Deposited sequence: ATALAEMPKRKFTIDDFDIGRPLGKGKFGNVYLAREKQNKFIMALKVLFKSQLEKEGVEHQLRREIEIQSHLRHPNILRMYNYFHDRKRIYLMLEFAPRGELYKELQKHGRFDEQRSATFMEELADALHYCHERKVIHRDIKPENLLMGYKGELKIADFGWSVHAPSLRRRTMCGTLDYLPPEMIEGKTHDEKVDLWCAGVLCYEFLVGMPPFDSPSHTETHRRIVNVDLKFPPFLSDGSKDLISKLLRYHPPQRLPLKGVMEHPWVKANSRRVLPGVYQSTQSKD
């Protein structure tokens, strides 16, 4: 089993909900990775103890080039240490902040890698539920990485308080795609009530600069009735995705 002494702490990568993430290098292989350091005290004082249990069992089973890898984990008196795959190009939200929005081929690539990894998860009976830029990292050549397992991103059924299946991820994928190309989420409002009314009516207002190709994919993904939302397979095969995706494999 591992300890903190097995690793060379190089420098931090940024704070989070429960602790700091450090750039680390295990001395045995001299292999680089990211150490997520969580604090038991707060983990307990916020009841988030249940989820952490699941997010680990998951990555004891999940292995996908587009899902952030947890190599292992340990725990001293005060912390749980997560051995996570290093994402060299940082997080995606900041890239979206920089560029304001991504071009068609950038987003189309992200969508194929996302649809892909999501499918993999579904086969294993795993739903993500919450897919937004903040939960996405980038590889060495920029390939997308679902990292950790909000009003604007909630499907109608989630808002309305109905039971939900895997298809919430299809909805979310559409919302995500939209934000990629536009820069804002599709149902943005200055009140939680107005957003609520916009999600459930699927009040979709597409800006002038958006390609008909993209508009279509988004429209099919963002449908009220869950069983109508375009399956992951249909995403990767969508004309606009095929015509724009540029994934490294």
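- Gaps between the deposited sequence and the modelled structure occur at positions 1-10, 160-175, 276-286.
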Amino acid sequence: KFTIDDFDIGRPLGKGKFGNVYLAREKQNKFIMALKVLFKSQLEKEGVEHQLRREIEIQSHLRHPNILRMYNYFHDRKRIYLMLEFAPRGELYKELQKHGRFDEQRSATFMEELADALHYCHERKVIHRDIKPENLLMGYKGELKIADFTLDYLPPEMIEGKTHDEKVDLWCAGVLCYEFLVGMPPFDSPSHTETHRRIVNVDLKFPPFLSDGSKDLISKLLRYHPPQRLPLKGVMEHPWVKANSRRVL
From here on, numbers count along this sequence of modelled residues.
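We call the rigid core the largest set of C-alpha positions that still match within 1.5 Å between the two forms.
- Larger average C-alpha displacement in 6 other deposited structures of this protein, relative to the shown form after a rigid core fit, is seen for 72-80 when comparing 136-144 with 72-80.
- The segment moving more, judged by mean Cα distance from this form in 6 other deposited structures of this protein after a core overlay, is 52-60 among 27-35 and 52-60.
- In this entry, 54-62 has the higher mean Cα B-factor, the comparison being between 29-37 and 54-62.
- When 39-47 is weighed against 179-187, 39-47 comes out higher, by mean CA B-factor as recorded in the entry.
- Compared with the other modelled residues of the chain, the Cα B-factor recorded for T163 ranks in the middle third.
- In the PDB entry, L210 places in the highest third of its chain by CA B-factor.
- The entry lists a Cα temperature factor for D148 that places it in the highest third of the chain's modelled residues.
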